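Chemist: Below is the structure I would like to discuss, written out as structure tokens.
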There are 2 protein chains.
Amino acid sequence: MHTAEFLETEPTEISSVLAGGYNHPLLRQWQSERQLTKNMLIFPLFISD
Amino acid sequence: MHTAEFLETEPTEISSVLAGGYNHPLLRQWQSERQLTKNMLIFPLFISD
């Protein structure tokens with residue numbers, strides 16, 4: 001009978017662990033190199049004669 | 001009589017002109033690599049027993 005196979009793993013390498021930096025909603029913001037603000041927007045205007 | 005002296009100047013070099021990038025209040029913001037937001041603040045708390 002086909003059964004789930006689990007390979008022999010080695011101890012986790014710290015260099016592999018990145019999850020600690022984006023496990024929370026706030027972290028999603030901290031992880032952004034730049035946050036979206038109102039004064040960053042430029043609305044186009046088509047003026048007619 | 002001591003009078004104001006003005007030296008002979010050469011035509012302005014474009015590479016000298018940087019003023020066009022921060023002459024307006026909004027430009028002061030555009031010139032910032034990162035803007036200050038509320039979710040960037042971390043308030044310290046001293047809990048007593």
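Chain identifiers are assigned as A, B, and so on, following the order in which chains appear in the structure tokens; residues are numbered from 1 within each chain, and ligands are numbered from 1 in order of appearance.
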Under the rule of at most 8 Å, produce a per-residue listing of chain A near chain B: chain, number, name, the closest pair of atoms, and the distance in Å, as a Markdown table, using only C-alpha atoms.

Modeler:
| residue | atom | partner | partner_atom | distance |
| --- | --- | --- | --- | --- |
| A:26 | CA | B:39 | CA | 7.7 |
| A:29 | CA | B:39 | CA | 7.8 |
| A:30 | CA | B:40 | CA | 7.5 |
| A:34 | CA | B:34 | CA | 6.3 |
| A:35 | CA | B:35 | CA | 7.6 |
| A:39 | CA | B:26 | CA | 7.7 |
| A:40 | CA | B:30 | CA | 7.5 |

Chemist: Among chain A, which residues does DSSP mark as alpha helix (DSSP H) when it is run on the backbone? Keep the chain and numbering as in the structure and answer as a PyMOL selection string.

Modeler: chain A and resi 25-30

Chemist: At what distance in Å, to one decimal, does CA of residue 31 (chain A) lie from CA of residue 18 (chain A)?

Modeler: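 Separation of CA of residue 18 (chain A) and CA of residue 31 (chain A): 11.8 Å.
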